[PDB]
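Enquirer: Got a structure here, written out as C-alpha cells. Questions coming.
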Amino acid sequence: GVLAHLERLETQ
Amino acid sequence: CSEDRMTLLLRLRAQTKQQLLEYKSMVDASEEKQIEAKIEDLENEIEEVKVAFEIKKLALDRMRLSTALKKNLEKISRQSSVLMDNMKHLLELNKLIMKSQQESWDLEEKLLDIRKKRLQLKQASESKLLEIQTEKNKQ
Amino acid sequence: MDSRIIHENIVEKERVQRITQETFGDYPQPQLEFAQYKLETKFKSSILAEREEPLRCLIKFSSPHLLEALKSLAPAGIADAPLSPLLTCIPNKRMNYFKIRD
Amino acid sequence: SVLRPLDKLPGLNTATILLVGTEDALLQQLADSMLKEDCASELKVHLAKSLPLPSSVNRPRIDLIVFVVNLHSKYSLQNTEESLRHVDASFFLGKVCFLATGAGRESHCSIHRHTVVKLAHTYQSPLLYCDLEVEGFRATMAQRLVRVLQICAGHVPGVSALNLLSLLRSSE
Amino acid sequence: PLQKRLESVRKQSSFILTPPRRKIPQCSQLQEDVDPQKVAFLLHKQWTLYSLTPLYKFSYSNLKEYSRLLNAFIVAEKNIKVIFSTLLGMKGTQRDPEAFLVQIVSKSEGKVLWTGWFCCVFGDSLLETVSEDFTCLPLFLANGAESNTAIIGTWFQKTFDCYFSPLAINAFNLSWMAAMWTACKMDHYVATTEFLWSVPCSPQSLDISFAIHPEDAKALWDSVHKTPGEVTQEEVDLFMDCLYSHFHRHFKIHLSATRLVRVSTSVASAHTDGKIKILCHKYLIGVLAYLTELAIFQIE
Amino acid sequence: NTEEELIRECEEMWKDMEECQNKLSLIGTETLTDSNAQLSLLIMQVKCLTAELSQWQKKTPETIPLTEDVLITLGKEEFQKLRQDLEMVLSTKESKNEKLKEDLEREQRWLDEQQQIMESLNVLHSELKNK
Amino acid sequence: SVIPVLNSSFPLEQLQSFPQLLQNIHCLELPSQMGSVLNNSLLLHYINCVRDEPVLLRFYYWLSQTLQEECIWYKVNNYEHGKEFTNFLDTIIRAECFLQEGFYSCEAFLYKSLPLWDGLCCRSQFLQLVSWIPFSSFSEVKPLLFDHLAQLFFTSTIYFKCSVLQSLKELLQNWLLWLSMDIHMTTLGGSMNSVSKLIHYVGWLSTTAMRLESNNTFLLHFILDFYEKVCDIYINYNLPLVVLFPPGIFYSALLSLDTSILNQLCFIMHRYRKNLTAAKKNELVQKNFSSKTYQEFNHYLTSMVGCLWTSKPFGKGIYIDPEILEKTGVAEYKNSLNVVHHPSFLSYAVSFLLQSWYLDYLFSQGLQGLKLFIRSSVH
C-alpha cells in the first residue's frame, strides 16, 4: 500500500 | 570558502529582518462577540498583503534567475559542469513520472464507474429485500 | 555533561542535599516497617477559631523498608528540606509509638 | 521580579527555551530528548521550579515558556497557578504553552481535564497532551516543541508568534 | 430515530460546560414492600463493581428455565443449585427496571457460595436511547470467588449478548464521595473517618493512614459549609485543604502531592479498585444512584 | 562586492534594533489575574494586529541586485535537491499505481458477486409475487 | 480471541457456499453474537441490505466496547498488544470498504481518542478510518475533529502533511459519491455549503503549509493531486459547483522548476475550461453561478498564456513595473519565461541544442497535458 511504502521510507 | 560565509550572511539578514519587524510592530502597538469579526478581518487583510508581497518577490527572483541563465547559455554548453548528470537524470525521471500519472488517471476513471454501479445495485437491492421481508412478515 | 542545559535553583538543590546528608547520615539505615503517632493538638489555621477542644488524630506509617523512603522524600520534592523531628528521631530516641499533646 | 519578552537583544542563530515544573526527572528527560536530535539552530534549555527566577544578569532572553501540569497531583496545579501571576500580559501573545501529563492513566488522575480546559482557555494559549514516561511519545513531543520554538524565535521567514497564535486558535 | 439520539447525546459530552453541583443526600424511609431479611443480608458485605451493556430479549416471566439452563451449563463446565430471585423497592423511579439476584446454594437450607446483583437506579439518561427489545441494567455487583463470576459472565455474554467491564473509581470521585458522606446527618457514629494515601516513591514504597474522630470531622465540615442543602466544588477543596494544612503543620510533608486510595466513613467504605461496602440502610439509594451514574457514564 | 553591502545593511539594522529596544524599555509591566485576563488579552491582540497590518502595508520588495555566480550556485543547489525530490515522487507514484490496480481487481470481483446476488434475489421476488 | 467465534428458518451451519446463500437469502438465522459476522463475507452480503435497529444497536455496542478495551494509549497504558490492534483495525477497514459506509462506533472512537493521539502509533489505520465519516454539517463536526487535526498538522513533519492531505482527498471523494445518488431519489444548496467550506478549509491549510515548508515541491504534488479530484465535480457527479484554488498555489506552481508540476497545472486548467464551458450552456437551460469566478479564471488563463508564448508576463498578479528590471539590468523580459527560456525547460533546451520547431520533440518527451492545453486554447 501507499501508507506502507511511506512508513518504510520514513524508517530509513 | 566564500559560499559558506555568503549563506551565513543571507541567513542572518533574513532572521534580522523578521526580528526588526517584530520590534517595530511591538513599539507601534505600545503607543464581546463584536471583537472577533474585527480580528478575523484584520487577519484576512494581513494574509492577502503577505501573499501579494510573496508572489511579487518570487516572480522577481525567477525573472533574475532566468535572465542570468539565459545570459550565459554558451558557457553552460561545452564544458558546462558536473550538472549534466543531474540534468540527464531529471530528463529520465520526468517521462516516467508523466507515464505513471496517465496510468493513475485511467485507473481512477475506471474505478469511479465501477463504484457508482455497485452503489446503484446496493440501493436497489435494499428496497427490494425490504419489501420482500415486510410482505413475508405480513403473511 | 550536556553543558547546553542550564539548571536553575541549583543552590537550593545543593542545600537540600547537604541538609539531608547531615540529618540522615550516610550509614545504611536499619530496617523497620511500621510507625504510629497519636495527636491531641488543637487546630490552628476563620476556621474553628472559637473551638477550644483538641483535634484527636491517629496516623500510621507503613512501608516494606522504612527509614529509607523517608530519606528520599526531600530530594523528590515531596517534603521540605528539614524534616520534622518526629520523623528523624526514630533511631536516636529508640521509640516506634508516639503520643503528642498540646 | 516580572519576566518580560524583549529585554535583551537576540543572539546569533540561538534559540532559548524555559521549562517550569515540579518534577525534575521528567523535565530532565524532556530536555535531553529535545537535545538528542540536531537542527540548524543552536538550542539552549533552562529548567526552573517556579517563578520568579533568582536574580541574574548573564541570563539571555527567553523565547518560549512551557508550563508542565501533572494531572496526578494538585500541588503542581497550585504551583502553576501561583507562577502564572509573575509574567506580563505581553508575553502571552503566542509565547506560552501548556503541557498536561498523566491523562493516559484515568484511574490515577486527581484533577479533572475540564479544569485545565478552562485554565488553558482563559489565558488564550495552546494545550498539549503527552505522557512523559514513555520514550516513544516523548521523542515526538520533543520534536514538536522544537519546531514550535523554531517558529517562535523568528527563524522561519513570513511566520511570527502572532500568526502562530491564530493558527492554533480553537473554535470554541 | 433512537440511533441519532444516542449519537447526539454521546457527542454532547464535551469538557466545555461546567459540571453541576450535587444535592446533599437526604435520609428516606424505604418502601414497605421490600423484605427486611434481604436488606439485612445485603449489608456488611464486600462487593465488586461492574458495568453491563443492555440485555437483549430478557423476560421476567420465565426465570425457572434460565436457572435450569445455568445449572446445566455450570455442571457441564465443572450438589449445587442455582436460584433466581426478584428484589422489590430497589428502583429509583417507576420507569426503572426491577432488580434481581442470582444465587448459588450448596445443599447439605444450604450455604450461599456466590451472589450477583443487577440494578439500575435513576438511569433515565439511558432509557431514552434504547428500544423496547432491550433491558437496561448498567450496574452489576459480585460477591464471591472470581472463577464463578467469570463463568457466569461468559454464560450471560453467550446468551443475552451483553458485555461486562470492570469499574474503577479515581481520586476525584473518592474525594467527592467522602465530602458528601461527611455532610450526611447521623444520630450515632459507629466508625471513625479514615483515609489512605499512597506516596509515589517508585524506587521505594510508602503508605499513610489518616484516622479522625467523626465528631471532629463533622465540626470541621460545618465550619466550611455555607450553601444550604447543596455541595459545591469549592467547599470540597476547602475541606481537603484543611486536612492538608493540618498534616503539613506537623510533619512538613506536602500531602497534596500523593494519591488518595481508600476512604471509609460511617455510612460506607470505598476502595479505588472498585470495592464498596455499605453499613447504613438509610442512605443505600444515594450510593446506588452515584454508582449507577458512574456506570452509565462509562458505557457511554 | 555585495558582501560589504550586506555587512553594512546588517550593521544598520542592528543599530536600528538597538535604538528600538532602548525606546521600548521605558514601558512598565502589566500583570493579569484570573478575572480580567480574557478581555485584556483580546484588546492587546487587536492592537497588535492593527499595528502589524500597518507595518506590513509599508513594506516594499527590495531589489539589492547581486552578482551572477551566486545565482548559478543557488540554481545548482536547487537542481541537486530537486533530483531527490523527483526520485521520491516517482517511487510514491509507483506505489500508488500498484495499490490502484489491486483495488480495481477487488472492486470488480465484488461487483460481480453483487450482480449475481441481486439477480437471484430479484428472481426469488418474482417467483414469490407470482404465487 | 478478540472476535467471537461463530455459533448458532434456515440453520446457520448449513450456510457454507454462495449458492446456499442465494437460495435462502430471504430467511436466515442471526448469530447470537454479531462479532463473528465481522470476518464472514456471506453474512456481510446479507447485512449489506438489512437496516434493522436492534441489529445496529448490538453491533455498535460490541464494537465500541471492543475498541475501548483494546486501545493502547486511552484509558490504559498497555503496549503489549502491538500487532493485534493493527490487524483488528485492518479487518475493520476492509469490512467498511465493503458496505460503502462506516459504523458509528468508529466515529465515536475517533471523537474520543483524537485529542490524546500523538500522530505516530497507528497513523495509517486512523487516517483510513477518518475517510469513512458519515456526511454531516461542517460546522458541527469542525470543533470535534478538524481543530485537533489542524493543531497536530502544523507541528509535524512533511510526511504527516501529505498523509492528511491524502485522507482529506479520500473523504471528499466519498462525500461526493454519496451526495451524487441523493438527487436521483436540508436541500441541495444547504449541502453544497458544507463541501464549499471543506474545500476552503483545505485550501487554507495547503497555503499555510506551503508557506511553512519553504516552498517544497513534494507537498505541491499532493496539493495538485487533490485539486485534480476537485476539478471535475460537475462532470463526474453532475452537481452544480465550481470552486477555484487560491492564487498563491497557482503562482507557486507556475514559477516552479519542475516540469511535471507545469504539466499537471496545464491539465487542471484544461479541466476547469471544459467544466466551465459545459456548465455555461446548461445554466441557460436550468434558468446561479457567480461571474466573479469567470473573471478570476479569465485572469488566470491570461497570465498563463502571457507567460507561455504571448510574451506578456505582466498580468494582474505579476504587477511588476519595468523600472525595477531597468535599474537591475533586465532587457529581454517579454520572452524570458516563454517555452524556450523557461527555467523548467532548460534541460530540454540543452538536449535539443546538441542535435527550431522542437515542440514535437517536447510532445514526444511526454508533455501530454501541455499538448492538450495548447490544442484547447488555439482552437
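From first to last, the protein sequence lines stand for chains O, H, N, M, L, K and I.
Under PDB author numbering, think of the first position of the first sequence as 16, with each following residue one higher.
Residues 35 to 65, 75 to 182 (PDB author numbering) are what the second sequence spells out, left to right.
Residues 233 to 277, 282 to 338 (PDB author numbering) are what the third sequence spells out, left to right.
Under PDB author numbering, think of the first position of the fourth sequence as 2, with each following residue one higher.
Residues 26 to 103, 116 to 145, 153 to 344 (PDB author numbering) are what the fifth sequence spells out, left to right.
Under PDB author numbering, think of the first position of the sixth sequence as 19, with each following residue one higher.
Residues 308 to 315, 338 to 514, 524 to 625, 631 to 698, 717 to 740 (PDB author numbering) are what the seventh sequence spells out, left to right.
Each residue gets a CB set at the ideal place from its N, CA and C atoms; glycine is no exception.
(1) For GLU337 (chain L), report the span of its alpha helix (DSSP H) as first-last.
(2) Going straight from the alpha carbon of residue 188 (chain H) to that of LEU173 (chain H), what length do you get?
(3) Go to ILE152 (chain M), then tell me how far its alpha helix (DSSP H) extends in each direction, as first and last residue.
(4) Could you tell me which residues DSSP pairs with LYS51 (chain H) in its beta bridges?
(5) Among the residues of its own chain, which have a CB less than 7 angstroms from the CB of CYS164 (chain L), if the five just before and after it don't count?
(6) What does the alpha-carbon distance come out to for the pair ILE18 (chain M) and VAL46 (chain M)?
(7) Taking 9 angstroms as the CB-CB cut-off, is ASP8 (chain M) touching chain N?
(8) Which two residues bound the contiguous beta strand (DSSP E) that contains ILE141 (chain L)?
(9) My guess is that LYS490 (chain I) and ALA547 (chain I) are in contact by the Cβ rule of under 8 angstroms, so how many angstroms apart are they, rounded?
(10) So which of L:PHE162, L:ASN217, L:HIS298 has the shortest CA-CA distance to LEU319 (chain N)?
(11) Between the beta-carbon of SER308 (chain L) and the beta-carbon of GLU259 (chain L), is there less than 9 angstroms?
(12) In chain H, what lies closer than 9 angstroms to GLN729 (chain I) by C-beta?
(13) So the alpha helix (DSSP H) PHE417 (chain I) belongs to, where does it begin and stop?
(14) What are the start and end residues of the beta strand (DSSP E) that includes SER598 (chain I)?
(15) At the level of alpha carbons, what is the spacing between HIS232 (chain L) and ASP168 (chain L)?
(16) Which one or two residues does DSSP pair with residue 336 (chain I) in a beta bridge?
(17) Along chain L, in chain order, which residues have C-beta atoms closer than 7 angstroms to that of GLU173 (chain M)?
(18) Using DSSP bridges, identify the partner residues of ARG47 (chain L).
(19) How big is the Cα-Cα spacing for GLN133 (chain K) and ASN368 (chain I)?
(20) List, in chain order, every chain M residue whose beta-carbon is nearer than 7 angstroms to that of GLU56 (chain H).
(21) Along the chain, where does the alpha helix (DSSP H) containing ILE561 (chain I) start, and where does it finish?
(22) To be precise: take each residue of the stretch 294-311 of chain L, compare its Cβ to all Cβ atoms of chain N, and keep it if any distance is under 8 angstroms. Which residues remain?
(23) At which residue ranges does the stretch 56-87 of chain K contain complete alpha helix (DSSP H) runs of 4 or more residues, listed in the order of the chain?
(24) Kindly indicate which residue of N:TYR269, N:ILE237, N:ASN241 has the alpha-carbon position closest to the one of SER57 (chain M).
(25) Got a sec: is the Cβ-Cβ distance from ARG452 (chain I) to anything in chain O below 9 angstroms?
(26) Counting only the same chain and skipping the five closest in sequence on each side, list residues whose C-beta sits under 8 angstroms from that of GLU621 (chain I).
(27) Examine chain H for any beta-carbon lying closer than 9 angstroms to the beta-carbon of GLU125 (chain K), and answer yes or no.
(28) Taking 9 angstroms as the cut-off, decide whether the C-beta atoms of residue 741 (chain I) and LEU494 (chain I) are in contact.
(29) Which same chain residues end up closer than 7 angstroms to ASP177 (chain L) when comparing Cβ atoms and leaving out the 5 residues on each side of it in sequence?
(30) Is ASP103 (chain K) close to chain I? Criterion is C-beta to C-beta, closer than 9 angstroms.
(31) Determine the closest residue to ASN678 (chain I) out of H:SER124, H:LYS113, H:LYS131, with distance taken between C-alpha atoms.
(32) If we ignore side chains and look at the alpha-carbon of each, how far apart do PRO210 (chain L) and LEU338 (chain L) end up?
(33) Please go through the same chain and pick out, in chain order, the residues whose beta-carbon is closer than 7 angstroms to the beta-carbon of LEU166 (chain M), but skip the five residues on each side of it.
(34) Quick check: what's the CA-CA separation for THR273 (chain N) versus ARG86 (chain M)?
(35) Label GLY273 (chain L) either buried or exposed according to how many other C-beta atoms from any shown protein chain fall within 10 Å of its C-beta, with 16 as the threshold for buried.
(36) Report the residues of the stretch 352-386 of chain I with a CB closer than 7 angstroms to any CB of chain K, ordered along the chain.
Expert: Based on what the coordinates show:
(1) 328-343
(2) With chain H covering 35 to 182 only, the question about residue 188 (chain H) has no answer from this structure.
(3) 136-153
(4) Beta-bridge pairing links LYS51 (chain H) to no other residue.
(5) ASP133, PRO134, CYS180, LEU181, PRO182, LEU183, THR336
(6) 5 angstroms
(7) no
(8) 137-143
(9) 5 angstroms
(10) L:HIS298
(11) no
(12) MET141, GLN144, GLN145
(13) 412-426
(14) Where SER598 (chain I) is concerned, there is no enclosing beta strand (DSSP E), although the alpha helix (DSSP H) it sits in stretches over 597-624.
(15) 34 angstroms
(16) Since the model of chain I passes from 315 to 338 in one step, residue 336 (chain I) is not part of what is shown.
(17) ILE41
(18) L:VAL275
(19) 22 angstroms
(20) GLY155, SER161
(21) 555-568
(22) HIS294, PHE295, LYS296, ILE297, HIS298, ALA301, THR302
(23) 56-76
(24) N:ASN241
(25) yes
(26) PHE632
(27) yes
(28) For chain I, the structure presents residues 308 to 740; residue 741 (chain I) sits outside this window and is missing.
(29) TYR81, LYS82
(30) yes
(31) H:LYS113
(32) 12 angstroms
(33) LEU94, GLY95
(34) 36 angstroms
(35) exposed
(36) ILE354, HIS355, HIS374
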